[PDB]
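J.:
Protein chains: 2
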Amino acid sequence: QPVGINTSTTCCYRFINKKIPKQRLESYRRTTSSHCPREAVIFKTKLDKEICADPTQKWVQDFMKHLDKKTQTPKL
Amino acid sequence: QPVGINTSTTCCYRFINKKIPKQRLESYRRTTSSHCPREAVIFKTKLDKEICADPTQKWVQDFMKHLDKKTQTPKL
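Going down the list, the sequences are from chains A and B. Just add 2 to wherever you are in the first sequence, counting from 1, and you've got the working numbering. Just add 2 to wherever you are in the second sequence, counting from 1, and you've got the working numbering.
(1) Using three-state DSSP, classify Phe17 of chain B as helix, strand or coil.
(2) For the alpha helix (DSSP H) that contains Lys67 of chain A, what are its first and last residues?
(3) Name the DSSP beta bridge partners of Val5 of chain A, please?
(4) Determine the DSSP secondary structure at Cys38 of chain A, reduced to helix, strand or coil.
(5) Compare the C-beta of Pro23 of chain B against all C-beta atoms of chain A and say whether one is closer than 8 Å.
(6) In the DSSP assignment, what are the bridge partners of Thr33 of chain B?
(7) What three-state label does DSSP hand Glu52 of chain B in the structure shown?
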């Protein structure tokens, strides 16, 4: 259930509860960094495919949080 | 990937420049990988550019940490 400024204070749709990590999913695609309360999210997965994401879920939490880190940089 | 040199040498190394803050963009995506060091926070911006940046390049540090806030996670 959600992390909003009410319970449905989101931007993209059509997603479910729980996936897993038994080989891949890689990149996330969120939107416009200054348009929405939030803006919206896409996940690119399990033999290069896409999913969307707002507003109550863990796997994504951890994904954001996991994705974040892999590697480091400035211009490299 | 972290602090690097040469005329491009690690999984992403394209983007290479100067935008101090966050104010307005098109879309931002973190890590198009599944397999190596490969990724960053790629930023799509206001009559273009597309950048590959993360951890070491501050403005991006803060960007991900500034924008995080803005987009969500799924269903319950």
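For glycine and all other residues, C-beta sits at the position ideal for the given N, C-alpha and C.
T.: Working from what's here:
(1) As a working mapping, residue 17 of chain B is identified with position 15 in the second sequence. Residue state, collapsed to three classes: coil.
(2) Locating residue 67 of chain A in the first sequence gives position 65, counting from the first residue. From DSSP, the alpha helix (DSSP H) with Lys67 of chain A extends over 60–69.
(3) Numbered from 1 along the first sequence, position 3 holds the residue referred to as residue 5 of chain A. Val5 of chain A is not bridged to any residue.
(4) Position 36 of the first sequence holds residue 38 of chain A. The answer is coil: DSSP assigns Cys38 of chain A none of H, G, I, E or B.
(5) As a first step, residue 23 of chain B must be located in the second sequence, where it is residue number 21. So, not an interface residue.
(6) If you number the second sequence from 1, residue 33 of chain B lands on position 31. BP columns for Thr33 of chain B are empty, so no partner.
(7) In the second sequence, the residue the question calls residue 52 of chain B occupies position 50. Strand, per DSSP.
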